[PDB]
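First up is the structure itself, then whatever we jot down about it.
2 protein chains.
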Amino acid sequence: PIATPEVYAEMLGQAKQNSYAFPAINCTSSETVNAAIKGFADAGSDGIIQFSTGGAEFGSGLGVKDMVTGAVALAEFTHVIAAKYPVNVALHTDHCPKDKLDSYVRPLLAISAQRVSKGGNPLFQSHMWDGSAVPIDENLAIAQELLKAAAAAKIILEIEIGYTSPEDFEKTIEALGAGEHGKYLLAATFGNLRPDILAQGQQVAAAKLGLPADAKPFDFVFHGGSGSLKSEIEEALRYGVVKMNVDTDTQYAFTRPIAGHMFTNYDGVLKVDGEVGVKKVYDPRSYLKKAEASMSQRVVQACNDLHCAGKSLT
Amino acid sequence: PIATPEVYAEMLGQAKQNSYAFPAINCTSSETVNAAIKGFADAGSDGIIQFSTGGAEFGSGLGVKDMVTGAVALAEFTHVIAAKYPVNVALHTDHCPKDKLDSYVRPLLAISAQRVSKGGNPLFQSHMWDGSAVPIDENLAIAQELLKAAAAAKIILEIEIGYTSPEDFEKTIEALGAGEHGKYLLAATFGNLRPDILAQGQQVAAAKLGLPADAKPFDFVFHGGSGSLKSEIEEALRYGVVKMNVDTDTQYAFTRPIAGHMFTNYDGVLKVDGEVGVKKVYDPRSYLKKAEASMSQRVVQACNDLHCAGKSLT
Ligand code: NA
Ligand code: NA
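Line by line, the protein sequences are chains B and A. Using the deposited numbering, the letters of the first sequence map in sequence onto residues 2 to 163, 181 to 210, 222 to 343. Using the deposited numbering, the letters of the second sequence map in sequence onto residues 2 to 163, 181 to 210, 222 to 343.
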């Protein structure tokens, strides 16, 4: 099943507490969605699927080029497929800069807010506001009003600040609270390395809130997950990193067999020397199955790398 | 938008009255569904997308392998997307044999039956029963109960009988009627070529019903529509072919640009000689946009060849 807001939060809670993180796979089609979910399930693990603005535009198709239709289209498809797997999958929307709030995140927020007022769950379980490229102040201002929308729509907001400053973590707590006005995830800039910036950010916020020095007020997000060194990732997990984006590596694992298929069956996927090709290899499923299954093998590898393998709530 | 049953019958009606037919494009994923619809709207045509048992199993993913899940999932996807287009798009399932009636055709009829008792429309507008491999007597007995169920979900039923003899057309009329028991499409055997077999079935049929000689009681479908001849097609259209399945040709169009992309961008989709590849060209979207546009062009061609281009009812 797709994750309800309650299991999503339980998912993030249980990961924060036992120091593992969820892989969040960017997907741009039913094939790749299917590969990610199959990967998670295979690693007896819950997981997260995300739609980037680019990937959602691609999803609405070349004749539509509309992120919101793209996202909703894909999510609807994902709801039907999720139901047939035992693990829980959270739908998330990825990097959305300021100039795209009115045509991506705000529209989607209104869609879920509408579903929630009818007594249903929201379409997506989290959305990212990316204000990394504007003054931390202006970022937190906007973050504030999006957080009220998100929380109303039972959705977790993710935000990105800015090496991030100790004063930045303070400003963030001041502005957003630490969950009482809506749960939210934090992506800080620590060399994406310097994972100890995150450890520092956690004490700093604990001091300010008046909690024990071991308390972890933030749930962190790790951008720059692909191509990474186990040691650094292990350390980051201890400091409360709960979600790690994997995009580039699941792309290569997905394309690599297609490439292979094309070369080895060159004179069968192409009509060469007056011949008519071999239909069993230019059938998209012949290589798209290889692609999907290759992406599921990589996705499994990530659930082992973030130790969420085998830890599915269900 | 998706064709309601009313518009769907209105489409086929007009196509019969004016001797054109619609391409019915086989689809297996979100990319192919977007290509097909974009093709129709470029061609200014209404159109048909259909999911075979094999592609619908492919749509549910390597980790579910279930026809019904894949048909529903891909169908909810198409409902969202078709809403953005001004042409009517009907959803059809393809070739379903006796031993797959229970795991494909019937549970889908059930889903739409429930949907229609609540005030709305069926999920699909037409469903195929392929009994070509059983004796016409048994073929038609099963057709009769399916047609009861199909007409109750406001659904058009397609059937295949078996060269089809004058006697088989008479039987078919005797068992199903000519519309008073709900509407159905007929695929007959005639070398798929001898399109004159179809004219014969129209005469035979028209005579049994005391309708005009030149009547056209049957709505015929044309399987084996790829690698066909542009004069075979014209004749068939005169005799009431309203729907021609294209699969092989749109498959090759999809795969062709993917293959070329891999070969030309070889040292970018592979990591070769210590290099790390180019992310711009092993990003799945890069070459699936090509594939999708190529497939759309083939669809515009089929629309042109079948004379449904520019004849959308909206
Ligand atoms: Na069928
Ligand atoms: Na068919």
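For every residue, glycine included, the Cβ atom is placed at its ideal position computed from N, Cα and C.
Inset, instruction - Using a Cβ-Cβ cut-off of less than 8 Å, list which residues of the region 277 to 297 of chain A approach chain B; keep chain order. - result: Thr277, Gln280, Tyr281, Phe283, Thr284, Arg285, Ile287, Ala288, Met291, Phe292 and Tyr295
Inset, instruction - Report the rounded CA-to-CA distance for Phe208/A versus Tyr181/A, giving the unit in angstroms. - result: As a working note, residue 208/A is residue 190 in the second sequence. As a working note, residue 181/A is residue 163 in the second sequence. The alpha-carbon atoms of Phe208/A and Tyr181/A are separated by roughly 5 Å.
Legend entry - Proximal residues, the region 40 to 72 of chain B versus chain A, C-beta separation under 8 Å: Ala42, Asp43, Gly55, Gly56, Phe59, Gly60, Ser61, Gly62, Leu63, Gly64, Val65, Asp67 and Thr70
Legend entry - Every unbroken beta strand (DSSP E) inside the region 124 to 160 of chain A [3 residues or more]: Entirely contained in the region 124 to 160 of chain A, the beta strand (DSSP E) runs reaching 3 residues are, in chain order, 127 to 131.
Legend entry - 9 Å Cβ cutoff, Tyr86/B in contact with chain A: Indexing the first sequence from 1 puts residue 86/B at position 85. Judged by the 9 Å Cβ criterion, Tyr86/B is in contact with chain A.
Legend entry - Sequence-distant residues of the same chain with beta carbon closer than 7 Å to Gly239/B, five excluded per side: Working through the first sequence from its first residue, we reach residue 239/B at position 210. Same-chain partners within the cutoff: there are none.
Inset, instruction - May I have a chain-ordered list of the beta strand (DSSP E) segments no shorter than 3 residues that lie completely inside the region 279 to 341 of chain B? - result: none
Inset, instruction - Just the C-alpha distance for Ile156/A and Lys85/A, rounded to the nearest angstrom, thanks. - result: As a first step, residue 156/A is located in the second sequence; it is residue number 155 there, counting from the start. As a first step, residue 85/A is located in the second sequence; it is residue number 84 there, counting from the start. Cα to Cα, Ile156/A sits roughly 23 Å from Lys85/A.
Inset, instruction - Could you name the residues that DSSP lists as bridge partners for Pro24/B? - result: Indexing the first sequence from 1 puts residue 24/B at position 23. In DSSP, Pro24/B forms a bridge with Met273/B.
Legend entry - CB contact check: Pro313/A to chain B, cutoff 9 Å: By 1-based counting over the second sequence, the position of residue 313/A is 284. True, the Cβ-Cβ gap to chain B drops below 9 Å.
Legend entry - Helix, strand or coil at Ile49/A according to DSSP, with G and I counted as helix: For the purposes of this step, residue 49/A is taken as residue 48 along the second sequence, with counting starting at 1. Residue state, collapsed to three classes: strand.
Legend entry - Whole-angstrom distance between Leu75/B and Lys272/A, CA atom to CA atom: Here residue 272/A corresponds to residue number 243 of the second sequence, with the count starting at 1. Here residue 75/B corresponds to residue number 74 of the first sequence, with the count starting at 1. Cα-Cα distance, rounded: 29 Å.
Legend entry - Rounded separation between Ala331/B and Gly14/A - CA only: Position 302 of the first sequence holds residue 331/B. Position 13 of the second sequence holds residue 14/A. For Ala331/B and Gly14/A, the distance between alpha carbons rounds to 54 Å.
Inset, instruction - Could you tell me whether the Cβ of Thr29/A comes closer than 9 Å to any Cβ of chain B? - result: For the purposes of this step, residue 29/A is identified with residue 28 of the second sequence, where counting begins at 1. At least one chain B Cβ lies under 9 Å of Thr29/A.
Legend entry - Where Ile3/A sits in the DSSP three-state scheme: Taking the second sequence and counting its residues from 1, one reaches residue 3/A at position 2. DSSP places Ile3/A in strand when its eight states are reduced to three.
Legend entry - Residues proximal to ligand 1 by C-beta, any heavy atom closer than 5 Å: This criterion selects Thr94/A, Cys97/A and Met129/A.
Legend entry - Whole-Å CB distance - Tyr311/B paired with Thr284/A, under 8 Å assumed: Along the first sequence, read from residue 1 onward, the residue named residue 311/B stands at position 282. Along the second sequence, read from residue 1 onward, the residue named residue 284/A stands at position 255. Between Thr284/A and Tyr311/B the Cβ distance is about 4 Å, and since that is below 8 Å, they are a contact.
Inset, instruction - May I ask whether a heavy atom of ligand 2 can be found less than 8 Å away from the beta carbon of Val250/A? - result: Here residue 250/A corresponds to residue number 221 of the second sequence, with the count starting at 1. Checking every heavy atom of ligand 2 against the Cβ of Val250/A, one is found closer than 8 Å.
Legend entry - Bounding residues of the alpha helix (DSSP H) (the contiguous stretch that carries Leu266/B): The residue labelled residue 266/B in the question sits at position 237 within the first sequence. Its alpha helix (DSSP H) spans residues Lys259 to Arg267.
Inset, instruction - Thinking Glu161/B and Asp131/B are a contact (beta carbons under 8 Å), I'd like their distance in whole angstroms, please. - result: Stepping through the first sequence from its first residue, residue 161/B is reached at position 160. Stepping through the first sequence from its first residue, residue 131/B is reached at position 130. Confirmed, about 5 Å.
Inset, instruction - List the DSSP bridge partners of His93/B. - result: As a position in the first sequence, residue 93/B is number 92, starting the count at 1. Partner(s): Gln51/B and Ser127/B.
Legend entry - Residues sharing a beta bridge with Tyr105/B, DSSP: Numbered from its first residue, the first sequence carries residue 105/B at position 104. Paired residue(s): none; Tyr105/B is not in a bridge.
Inset, instruction - Using only the heavy atoms of ligand 2, determine whether one of them is closer than 8 Å to the beta carbon of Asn274/A. - result: Stepping through the second sequence from its first residue, residue 274/A is reached at position 245. Correct: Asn274/A has its Cβ closer than 8 Å to ligand 2.
Inset, instruction - Run the CB neighbour count on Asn19/A, radius 10 Å, all protein chains shown included, and call it buried at 16 or more, exposed below. - result: As a first step, residue 19/A is located in the second sequence; it is residue number 18 there, counting from the start. Classification for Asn19/A: exposed.
Legend entry - Distance between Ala242/A and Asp276/A (C-alpha atoms, nearest Å): The residue given as residue 276/A occupies position 247 in the second sequence. The residue given as residue 242/A occupies position 213 in the second sequence. Approximately 34 Å between the Cα atoms of the pair.
Inset, instruction - Over the uninterrupted beta strand (DSSP E) stretch that includes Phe251/B, give me the two end residues. - result: Here residue 251/B refers to the residue found at position 222 of the first sequence. Its beta strand (DSSP E) spans residues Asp248 to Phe251.
Legend entry - Beta-bridge pairing of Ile162/A - partner residues as DSSP gives them: Numbered from its first residue, the second sequence carries residue 162/A at position 161. Per DSSP, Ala206/A.
Inset, instruction - Determine which residues share a DSSP beta bridge with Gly200/A and list them. - result: Taking the first residue of the second sequence as position 1, residue 200/A is located at position 182. The partner list for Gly200/A (beta bridge, DSSP) reads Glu198/A.
Inset, instruction - Let me know the secondary structure DSSP gives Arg223/A once reduced to three states. - result: Here residue 223/A refers to the residue found at position 194 when the second sequence is read from its first residue. Of the three classes helix, strand and coil, the one that applies to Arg223/A here is coil, per DSSP.
Inset, instruction - Tell me, please, whether the CB atom of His80/B is closer than 9 Å to any CB atom in chain A? - result: Along the first sequence, one-based indexing puts residue 80/B at 79. It does: the Cβ of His80/B has a partner Cβ on chain A nearer than 9 Å.
Legend entry - Where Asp100/A sits in the DSSP three-state scheme: The residue you call residue 100/A lines up with position 99 of the second sequence. Residue state, collapsed to three classes: helix.
Legend entry - Assigned secondary structure, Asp243/B (DSSP; H/G/I helix, E/B strand, else coil): The sequence position of residue 243/B within the first sequence is 214, counting from 1. Coil, per DSSP.
Legend entry - N-terminal and C-terminal residue of the alpha helix (DSSP H) that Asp43/B is part of: As a first step, residue 43/B must be located in the first sequence, where it is residue number 42. Here the alpha helix (DSSP H) through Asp43/B covers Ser31 to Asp43.
Legend entry - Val73/B: first and last residue of the uninterrupted alpha helix (DSSP H) it sits in: Counting from 1 along the first sequence, the entry for residue 73/B is found at position 72. Start and end: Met68 to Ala83.
Inset, instruction - Note down, in chain order, each residue of its chain lying with its Cβ closer than 8 Å to the Cβ of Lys66/B, except the 5 sequence neighbours on either side. - result: Within the first sequence, numbered from 1, the residue matching residue 66/B stands at position 65. So the qualifying residues of the chain are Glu58.
Legend entry - Interface residues of chain A facing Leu299/B [CB-CB closer than 8 Å]: Your numbering for residue 299/B matches position 270 in the first sequence. Near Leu299/B (Cβ distances below 8 Å), the residues of chain A are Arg285 and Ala288.
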